[PDB]
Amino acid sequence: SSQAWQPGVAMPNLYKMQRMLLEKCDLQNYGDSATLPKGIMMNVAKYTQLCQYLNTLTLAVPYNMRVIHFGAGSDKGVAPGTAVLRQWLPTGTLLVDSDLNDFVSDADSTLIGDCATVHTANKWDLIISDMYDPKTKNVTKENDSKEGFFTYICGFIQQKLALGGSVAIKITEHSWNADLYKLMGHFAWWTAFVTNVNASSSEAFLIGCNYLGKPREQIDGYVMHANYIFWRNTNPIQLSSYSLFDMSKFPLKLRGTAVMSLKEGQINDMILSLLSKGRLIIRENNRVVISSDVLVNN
């Protein structure tokens, strides 16, 4: 485990290729906790390690980048993950966040409400989600694919993620969705990433890297989640805070990735290759406009 100096551990490709049956997740290091630096919140450490890992991927980083962050509130009424994202993203990146419950944020704009009420006119270059319902952790019931906010996320990716864009969507043993895994096959590359600070939890971030808008590979989401659990069950990850102490290369590199408007009939294999390499974003470059539907009752 030279893994201890990395920000976390990504699901090895061979585990993605199995056909495992779904089992209960039973982590050897369950209940252990990493030693966080003095005064640092778990969620700051977690998002920092997520961003450190995203620095290793071929993310498209255009001028006037557009990032939306779902599940950004905390029971503290602040937005630690948003604060890390704003630290990480190039200055001038437009950052929108959202949560069911009210909170104070450093984002450029914040929407409060169920994510299903959120609509945006523009498309996005990066979607981050930490949405999570702790009631899914019922060990006494069958672990089926969950809908709720996952249904929204799947449609939001398909309708509002720019080609070439990327996502990081939090899942756990019980908080997961089969269509979302299937959607990972619509990116040039995908993984399930476990932060080293939270390695005693079954949570991971499902990362889709460079959206292609079409199935590149056909993924059975029930099988893939079973594969993910099998990997976690047989590969204990040593809790580690090490990468938090080296922040010298933290900021996301401003790549100035090209942004083009293209109609679907013009996305050829040459364009698909540029998208796949993190060298192209396809969307309009108009104004960013968002809203939350409000239900009016007595």
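Note that residue numbering follows the sequence shown and begins at 1.
The stretch with the higher mean CA B factor, choosing between 25 to 33 and 61 to 69, is 25 to 33. For the pair 39 to 47 and 253 to 261, the record assigns the higher mean C-alpha temperature factor to 253 to 261. The residue among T110, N177, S166, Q218 whose C-alpha atom has the highest B-factor in the PDB entry is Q218. Per the PDB record, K76 has a higher Cα B-factor than any other of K76, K182, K170, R86.
Among the modelled residues of its chain, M20 has a C-alpha B-factor that falls in the middle third, as given in the PDB entry. In this PDB entry, the Cα temperature factor of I237 sits in the middle third of its chain's modelled residues. Split the chain's modelled residues into thirds by C-alpha temperature factor. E147 is in the middle one.
Compared with the other modelled residues of the chain, the Cα B-factor recorded for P80 ranks in the lowest third. For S292, the recorded CA B-factor ranks within the middle third of the chain. Only modelled residues enter the ranking.
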